[PDB]
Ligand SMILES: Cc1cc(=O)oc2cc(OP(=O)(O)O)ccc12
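Before any questions on how it binds or moves, here is one chain, the form deposited without the ligand, in structure tokens.
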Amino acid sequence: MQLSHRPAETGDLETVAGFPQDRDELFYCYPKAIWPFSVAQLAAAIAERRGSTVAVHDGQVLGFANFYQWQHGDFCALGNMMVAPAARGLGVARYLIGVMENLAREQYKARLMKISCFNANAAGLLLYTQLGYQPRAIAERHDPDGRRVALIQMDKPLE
């Protein structure tokens, strides 16, 4: 894979809004979004966030990430992290998380990255574990059916 990145652009949003492939994946990234996900909902999320970035390979937008929180000198919290359904398992998220860690260091002088992941998202938990994030706490949340779920809060020092 020859991946590159750049800031997200308007023309990328139609593609990116298609990355959650079912209500579970939608929930994992946008727990208050309504199915189907739409560009208006994605734009609304981006508006609240910083550092929206896309990963590109062979002319295709395959990954998207941003920051949910950013505290200069202190930490950033990874927000959205989504990969095109046809390109999973190929290292796109590993790549883009690395990019976002560099951006955290460079633009915010962060010394820590925080992530949180819903309990049902095994791929997400394993991703972050593989990248050296450690679990710190677990919080109760609710899904769109009002069922109780566990949000696993993790972090990693940035060097």
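The first residue of the sequence shown is number 1, and the count goes up from there.
Here the subject shifts to the form deposited with the ligand bound, a form of this protein not shown in this document.
Asks: Run the site superposition, bring the ligand over from its position in the deposited bound form, and let me know if the shown form is open or blocked under the 3-atom, 2.4 Å backbone or C-beta criterion.
Replies: In the deposited bound form, the ligand occupies a site that, on this form, remains open once the ligand is superposed onto it.
Asks: Heavy atoms within 4.5 Å of the ligand in the deposited bound form: does residue 49 have any?
Replies: Contact with the ligand, yes.
Asks: Looking at the partner-bound form in the deposited bound form, is residue 118 within 4.5 Å of the ligand by any heavy atom?
Replies: Yes, residue 118 sits close enough to the ligand in the deposited bound form that at least one of its heavy atoms falls within 4.5 Å.
Asks: Taking the ligand as it sits in the deposited bound form, is residue 31 in contact with it (heavy atom to heavy atom, 4.5 Å or less)?
Replies: Yes, residue 31 is a contact residue.
Asks: Is residue 70 close to the ligand in the deposited bound form, meaning a heavy atom pair under 4.5 Å apart or at it?
Replies: No, residue 70 sits far enough from the ligand in the deposited bound form that none of its heavy atoms falls within 4.5 Å.
Asks: What residues in 127-159 sit within 4.5 Å of the ligand in the deposited bound form, counting heavy atoms only?
Replies: 141, 151, in sequence order.
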